[PDB]
Amino acid sequence: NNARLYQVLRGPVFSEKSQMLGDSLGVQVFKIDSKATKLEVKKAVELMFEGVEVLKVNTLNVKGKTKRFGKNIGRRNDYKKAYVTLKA
Amino acid sequence: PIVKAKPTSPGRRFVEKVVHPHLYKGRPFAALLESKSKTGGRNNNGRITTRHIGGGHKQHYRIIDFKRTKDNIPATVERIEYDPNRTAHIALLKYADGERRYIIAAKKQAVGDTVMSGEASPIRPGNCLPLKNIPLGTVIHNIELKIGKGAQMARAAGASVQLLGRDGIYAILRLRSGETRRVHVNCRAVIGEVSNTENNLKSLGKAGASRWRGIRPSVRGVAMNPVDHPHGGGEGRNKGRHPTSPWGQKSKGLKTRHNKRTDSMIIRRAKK
Amino acid sequence: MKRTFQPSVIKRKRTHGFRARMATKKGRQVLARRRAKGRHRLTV
RNA sequence: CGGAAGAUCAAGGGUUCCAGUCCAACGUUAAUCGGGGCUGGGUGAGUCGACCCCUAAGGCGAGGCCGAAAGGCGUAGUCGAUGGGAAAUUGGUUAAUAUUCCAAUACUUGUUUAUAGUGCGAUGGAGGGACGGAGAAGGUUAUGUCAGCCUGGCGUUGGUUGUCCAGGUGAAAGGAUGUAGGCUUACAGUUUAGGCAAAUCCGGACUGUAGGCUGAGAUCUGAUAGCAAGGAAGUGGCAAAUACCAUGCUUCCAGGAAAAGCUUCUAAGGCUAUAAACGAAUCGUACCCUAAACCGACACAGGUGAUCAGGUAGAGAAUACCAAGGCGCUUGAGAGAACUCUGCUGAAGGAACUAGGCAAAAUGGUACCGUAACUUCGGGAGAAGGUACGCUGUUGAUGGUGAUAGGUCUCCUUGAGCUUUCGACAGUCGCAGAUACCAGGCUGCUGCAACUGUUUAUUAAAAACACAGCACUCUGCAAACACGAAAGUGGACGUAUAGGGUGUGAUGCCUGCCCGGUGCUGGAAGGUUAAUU
């Protein structure tokens, strides 16, 4: 439907990899739902940034790090991020 | 025949192998084959229920027609093959209608001859006949015990039975064990003696030749401790006890036959 | 020298795992006993 | 160090990976450093692997069988990889990912639409997939080495513009082609005791007519890529794998997975070509992995499967020195006693040591000569014991590859260049030429066990166990025997030339007497004898 595509993109990634990729290949890096396929991401980007056409989507699951605090051992959420290529 | 090996190695000094240059050097007929994995002499409980089994060479099962229910249809011996599942050789049959089967091979049976099954069949090695259509005194093998069940007795290399006579609806036979036996006259048998008559004549030569056949070493009971065998125990060498199996059963003459329903099918045995 | 543990994940989950416990009457008694003690680790 | 202490993984671990920052604790010392603390970043796939389809051992197992209960077994099935089943390589790029990103060039498999032609369809039938050990002769390549070519250099000390020195320099998958090899008569027709029914498909029986499949590598294309000093080269010889041809070939017995994918046939009742567009999900991907990250409580001298495999010598994956790459093993500084450990050398003697030549010393290579008792004729045997070995020059013989010519991935003769293996003669230097590392000590008598093997993980490796062979005995098949409570199993889809138990233990010569005891086998005249009545 069109009420599940609003929850596919969790937020853009701001890093040296994401900033270097944009300037050279114009590929947006996003943090996506833990259940979003490559098709859902493709259908979420083009609906929600009108005027762009996605060539490909490269997804990956990256695991959260164990960051201990105080007396406890705790881990960060795992998350999924996608590289999406837009038509030049 | 037998061929002694030259003593080029200590393991080859007493290797006397049986050699048959007339048996197929190719592969068995594919469709009459079945996968068959070793059991290590273990039952469905995973327990060793027969010792000294384990190892050996992988081998297929050849489906031997022990029944021979293709009567009045002639079959020609296509080839005589070696069988790893038994000591006897096996003849690849080629029935008129093209159906191919394996049977135990008679000693006097070559490639090209025709074999017959049924009641109106010639008395020649290979043919399968009911015991009433076989004249007395001929040498037979592949003896049936139940009607229609297939050959049970005299199926090993060199096996043969003497059809001594008839006393009604039974057929008096003299088995190679020396036991005279009556069998229903409607049961079938094959004419001739079983091939590979020089099998007992061989010599393995080395411990590894018995390992190739799936046989594991056997430890004498007097080489054990008393917690493992009744023969176990002793300072030095000693027997001390009457000979007995590891389960406590005499092994020097104790007769072990429990059947009381087949007791009337046995005429006598032989004393020597 | 070779030591006693020598881990294997498929072998661990197949002899001590959750589904291995639940496939026997006595394995379910193991799980019930871990739960009654309040253990945070039921199965390996 | 360099058959790793270098690289790629699997397992296992799980962020240890990269950067910035800090030095309390941790690191056997210090620490500004770290696999430590803290804060950020990092793992990109239709083609790699998993998942998926298929099955092995082995599980579970509608109904079924068995069992006080719990449960045990088992059919159809359904799971279960360590195996079978589709497909890409080169190069660049990040601090950290790369067959994933980017560039170039490919490949595999689907969906939808259209144009034609048109009998399609299986969980079933038949093919196929599909397989053992050893060995041998080749043909190759990866790779190496020299040469060519390009770019630099003219050398702190005699000489070095040359036949000099250094560095660099060889593009793959794929597509054409079809070679060295390997296999191999083809078609048509008639018909049918068979493949559980059916079948045009297989199998079987008859009648006429007379190169193909596979396949390394080379070649062409791919191919004006990329790659250094700021805009260069990029092609010839020789050598050569354990990798490929090759799941081949030849042999032997110990006789060599299964199932599916795939090709065909029909049973009940859409398919094949042509393209055009579109797609190929999800999970893993960092990093260690002969280890400081795994198993050993430790940053522990242990253990840990697979893959890659440079040079000079060398038979070699031994050994020595090096390459690429990676390290100096997380306390140092002194001194240079006894004593301890690990080594080197040792006058004269040479086992006098000692329980005992324990340890040490010694031998050690290749070729040729020569070699005893005894023997099962194989052996013993490398018995024992000798001689030669470096370098330089000349010279004889020889295998391979083959440019140039003479008579189309071709054939024949000649043979340049390179290379192989053997000799002879002459000279020459040293104490010493198998110069280093590496690398048998050998004999005589005698007990034991035939031998190869096995064993007390962690004080015993042996004469102990096993062993081929021998004997006795049991067992006629629902076999004896064994597991089990039984069902169900093994024995065995075996059948007395078989299977079990027991003893002995190759082989040669052999294996005497005793049946009183205790077993075992056979017999029943008599005596005694249970429940029961």
Side-chain angles (χ1 to χ4, degrees), chain A residues 15-17 20-21 25 37-39 58-63 65-66 82-83, chain B residues 6-11 13-14 17 27-28 31 34-37 39 41-45 47-51 53 56-61 63 73 82-87 94-100 145 151-159 175-177 179 181 194 196-201 203-210 212-213 217-223 231 239 242-247 249-259 262 265-266, chain C residues 1-9 23 25:
Chain A
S15 325
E16 267 94 24
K17 182 141 197 190
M20 162 256 266
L21 281 182
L25 317 150
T37 48
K38 281 177 194 213
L39 185 57
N58 288 130
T59 55
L60 67 157
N61 302 275
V62 53
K63 330 326 199 253
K65 284 184 289 178
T66 86
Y83 304 91
Chain B
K6 302 291 186 68
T8 64
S9 302
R13 183 183 292 280
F14 310 99
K17 64 168 95 166
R27 304 286 317 143
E34 287 217 354
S35 165
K36 193 203 56 149
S37 53
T39 48
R42 288 148 163 79
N43 74 344
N44 53 358
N45 281 335
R47 297 284 185 85
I48 302 164
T49 63
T50 282
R51 304 178 305 169
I53 303 190
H57 196 290
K58 183 196 286 181
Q59 53 203 7
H60 298 290
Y61 187 73
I63 293 168
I73 297 164
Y82 155 88
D83 200 337
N85 294 266
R86 63 207 66 252
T87 49
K94 182 181 171 63
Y95 285 75
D97 51 31
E99 161 170 320
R100 290 184 176 87
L145 283 180
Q152 301 248 89
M153 321 204 143
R155 319 197 326 189
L175 310 178
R176 272 290 303 264
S177 59
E179 182 213 82
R181 192 193 204 289
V194 168
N196 195 11
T197 309
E198 74 289 359
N199 178 19
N200 67 337
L201 270 178
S203 183
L204 270 52
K206 70 170 182 175
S210 187
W212 299 333
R213 302 177 155 69
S218 177
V219 164
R220 325 179 320 276
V222 281
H231 291 173
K239 277 141 177 173
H242 293 109
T244 183
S245 59
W247 304 278
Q249 172 187 9
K250 310 273 167 55
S251 42
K252 283 290 149 63
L254 182 68
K255 307 172 96 146
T256 66
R257 179 185 160 80
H258 325 318
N259 280 358
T262 66
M265 284 312 135
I266 293 146
Chain C
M1 314 99 69
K2 198 193 268 299
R3 284 300 161 203
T4 317
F5 178 39
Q6 313 309 330
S8 175
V9 174
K25 176 175 225 62

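Lettering of chains follows the sequences in order, A, B, ..., and the numbering in each one begins at 1. Just so you know, these numbers use all the heavy atoms, side chains as well, and skip hydrogens, waters and symmetry mates.
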Scan every strand shown for a Watson-Crick or G-U wobble partner of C102(D), both distances under 3.5 Å, and answer none if you come up empty. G91(D)

Those residues at least two apart in sequence (or on a different chain) that pass side chain to side chain contact (heavy atoms under 4.5 Å, CB included) with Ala157(B) are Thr87(B), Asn196(B), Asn199(B)

Does OP1 or OP2 of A480(D) have a side-chain N or O of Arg257(B) closer than 4.0 Å? no

From the list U475(D), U497(D), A450(D), which nucleotide is the closest neighbour of the side chain of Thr256(B)? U475(D)

Nearest to the side chain of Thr87(B), heavy atoms from C-beta on, is which of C520(D), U497(D), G490(D)? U497(D)

Watson-Crick or G-U counterpart of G476(D), or none if no pair lies under 3.5 Å: none

Base, sugar-phosphate, or nothing for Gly158(B), non-hydrogen atoms under 4.0 angstrom? base

Side-chain atoms of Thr49(B) come closest, of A257(D), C483(D), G194(D), to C483(D)

With a non-hydrogen cut-off below 4.0 angstrom, is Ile73(B) in contact with a base, only sugar-phosphate, or nothing? base

Between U43(D) and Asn61(A), is there an OP1 or OP2 to side-chain N/O distance shorter than 4.0 Å? no

Whether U272(D) and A273(D) stack: are their six-membered ring centres under 5.5 Å apart and their planes inclined by less than 30°? yes

For a quick test of reading the model, state the closest non-hydrogen atom pair linking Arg213(B) to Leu204(B) and the distance between them. NH1-CG, 3.9 Å

From the set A95(D), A193(D), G44(D), return the single nucleotide nearest to any side-chain atom of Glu16(A). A95(D)

For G42(D), does OP1 or OP2 lie under 4.0 Å from any side-chain N or O of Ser15(A)? yes

How would you label the contact of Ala156(B) with the nucleic acid (heavy atoms, under 4.0 Å): base, sugar-phosphate, or nothing? sugar-phosphate

Which nucleotide in the set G519(D), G476(D), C295(D) lies at the smallest distance from any side-chain heavy atom of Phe5(C)? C295(D)

Going by purine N1 to pyrimidine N3 plus the second Watson-Crick contact, or the G-U wobble pair, all under 3.5 Å, which nucleotide sits opposite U504(D)? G469(D)

With a 3.5 Å limit on both atom pairs, tell me what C238(D) is paired to, counting Watson-Crick and G-U wobble, or say none. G144(D)

Considering residues at least two apart in sequence or located in another chain, which fulfil the side chain to side chain contact (heavy atoms under 4.5 Å, CB included) criterion with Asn58(A)? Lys38(A), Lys56(A), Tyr83(A)

For a quick check of understanding: with a heavy-atom distance under 4.0 Å over all strands, which category does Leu175(B) fall into, base, sugar-phosphate or nothing? base

Value rounded to 0.5 Å, distance of CZ in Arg220(B) from NZ in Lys239(B): 10.0 Å

What contact category does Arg181(B) fall into here, base, sugar-phosphate, or nothing, at under 4.0 angstrom with non-hydrogen atoms? sugar-phosphate

Residues forming a salt bridge (charged side-chain N to carboxylate O under 4.0 Å, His left out) with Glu99(B), sequence neighbours excluded: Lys70(B), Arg101(B)

Base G44(D) to side chain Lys17(A), donor-acceptor N/O within 3.5 Å cut-off: yes

Mind checking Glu34(B) for me? I need base, sugar-phosphate or nothing, with any heavy atom below 4.0 Å counting as a touch. base

From CD of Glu179(B) over to P of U495(D), roughly how many Å is that when rounded to an integer? 18 Å

Have a look at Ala209(B) and say if it touches a base, only the backbone sugar-phosphate, or nothing, with a 4.0 Å heavy-atom cut-off. nothing

Sugar-phosphate only, base, or nothing, as touched by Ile48(B) at under 4.0 Å among non-hydrogen atoms: sugar-phosphate

Name the nucleic acid region contacted by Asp83(B), choosing base, sugar-phosphate or nothing; use a 4.0 angstrom heavy-atom cut-off, strictly under. nothing

Test for a donor-acceptor pair under 3.5 Å between the base of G490(D) and the side chain of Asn43(B), counting only N and O atoms. no

Would you kindly check whether a donor in the side chain of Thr50(B) faces an acceptor in the base of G490(D), or vice versa, at under 3.5 angstrom? yes

Nucleotide forming a Watson-Crick or wobble pair with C206(D), both distances under 3.5 Å: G189(D)

Identify which nucleotide among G490(D), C520(D), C101(D) has an atom closest to any side-chain atom of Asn58(A), counting heavy atoms from C-beta outward. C101(D)

Testing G255(D), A254(D), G42(D) for proximity to the side chain of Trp212(B), the answer is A254(D)

Polar atom pairs (N or O), protein with nucleotides 502-509 of chain D, under 3.5 Å:
unit_1, atom_1, unit_2, atom_2, d
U502(D), OP1, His229(B), NE2, 2.6
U502(D), OP2, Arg51(B), NH2, 3.2
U502(D), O4', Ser251(B), OG, 3.1
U502(D), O3', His231(B), ND1, 3.0
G503(D), OP1, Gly221(B), N, 3.0
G503(D), OP1, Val222(B), N, 2.7
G503(D), OP1, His231(B), ND1, 3.0
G503(D), OP2, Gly221(B), N, 3.1
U504(D), OP2, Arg220(B), NE, 2.7

Quick one, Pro243(B) and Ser251(B) - any side-chain contact, counting heavy atoms below 4.5 Å? yes

Is any side-chain N or O of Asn85(B) closer than 4.0 Å to OP1 or OP2 of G255(D)? no

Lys255(B) has its side chain closest, among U475(D), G490(D), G469(D), to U475(D)

Within the pair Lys94(B) and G204(D), is there a side-chain N or O less than 4.0 Å away from OP1 or OP2? yes

Would you classify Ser8(C) as touching base, sugar-phosphate or nothing, given that sugar-phosphate means primed atoms plus P, OP1 and OP2, and contacts are heavy atoms under 4.0 Å? sugar-phosphate

Hey, are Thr262(B) and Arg181(B) close enough side-chain-wise for a donor-acceptor pair under 3.5 Å? no

Under 4.0 Å, counting only non-hydrogen atoms across every strand here, what does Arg100(B) touch: a base, just sugar-phosphate, or nothing? sugar-phosphate

Given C477(D), is OP1 or OP2 found less than 4.0 Å from the side-chain N or O atoms of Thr262(B)? yes

Give one of base, sugar-phosphate or nothing for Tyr82(B), where a contact means two heavy atoms less than 4.0 Å apart. base

What protein N or O atoms touch nucleotides 302-306 of chain D N or O atoms at under 3.5 angstrom, if any, and at what distances?
unit_1, atom_1, unit_2, atom_2, d
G302(D), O2', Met1(C), N, 3.0
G302(D), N2, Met1(C), O, 2.9
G302(D), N3, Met1(C), N, 3.4

Would you confirm whether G178(D) and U304(D) are paired, taking Watson-Crick (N1-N3 with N6-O4 or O6-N4) or G-U wobble (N1-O2 and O6-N3) geometry and requiring each distance to be under 3.5 angstrom? no

Less than 3.5 Å between a donor and an acceptor, one on the side chain of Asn44(B) and one on the base of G488(D), is that the case here? yes

Select one nucleotide: of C483(D), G255(D), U495(D), the one nearest the side-chain heavy atoms of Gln59(B). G255(D)

Looking at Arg176(B), I'd like to know whether one of its side-chain N or O atoms comes within less than 4.0 Å of OP1 or OP2 on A496(D). no

Considering just the side-chain nitrogens and oxygens of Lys25(C), establish if one lies under 4.0 Å of OP1 or OP2 belonging to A70(D). no

Does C481(D) have OP1 or OP2 sitting under 4.0 Å from an N or O in the side chain of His258(B)? yes

Side-chain contact check for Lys36(B): nearest option of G256(D), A482(D), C493(D) is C493(D)

Using a 3.5 Å limit on both distances, is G484(D) in a Watson-Crick or G-U wobble pair with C60(D)? no

Just read off the sign of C1'-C2'-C3'-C4' for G44(D) and name the pucker, north if positive, south if negative. south

Can you tell me the Watson-Crick or wobble partner of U282(D), both distances under 3.5 angstrom? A50(D)

Restricting to side chain to side chain contact (heavy atoms under 4.5 Å, CB included), what partner residues turn up for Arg27(B), sequence neighbours left out? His60(B)

